[PDB]
Amino acid sequence: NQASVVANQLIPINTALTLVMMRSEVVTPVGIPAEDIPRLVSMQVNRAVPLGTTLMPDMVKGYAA
């Protein structure tokens with residue numbers, strides 16, 4: 001089924017995303033699609049994102065699908 005991006009470590013506020021930060025899992029509710037990982041790289045989050053949190057569109061500065 002449909003995988004989303006999930007935080008693979010705590011991602012602090014205002015921190016640019018790296019590939020080691022993002023895993024993919026089938027979770028609900030559904031978040032940013034796992035195929036968008038590659039383009040989230042270097043975008044910043046606007047809040048701290050705890051380990052295992054699904055990344056949602058409103059958490060990433062500048063994201064529009």
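Nothing in this text is a laboratory measurement; each read-out follows from the coordinates by a stated rule. FYI the Cβ positions are ideal-geometry reconstructions off the backbone, even for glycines, and counts take in every protein chain you see.
Annotations
- Binning all Cα-Cα separations of the chain at 5 Å, short to long from zero, yields these whole-percent fractions: 4, 21, 34, 29, 10, 1, 0.
- You can think of it this way: the chain between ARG39 and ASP58 has 5.3 nm of extra reach, that is 0.36 nm per residue less the Cα-Cα gap.
- Fewest-first ranking of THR54, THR15, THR28, using other Cβ atoms within 10 Å as the exposure measure: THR28, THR15, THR54
- Karplus 3J(HN,Hα) series, Hz, for the stretch 7-21 with 6.51 cos²θ - 1.76 cosθ + 1.60 (x for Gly, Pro): 5, 9, 7, 4, 10, x, 3, 6, 10, 6, 6, 10, 5, 6, 8
- Extension gain for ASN46 to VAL30 (0.36 nm times residue separation, less C-alpha to C-alpha distance): 3.8 nm.
- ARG47, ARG23 arranged by Cβ crowding within 10 Å, fewest neighbours leading: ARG47, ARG23
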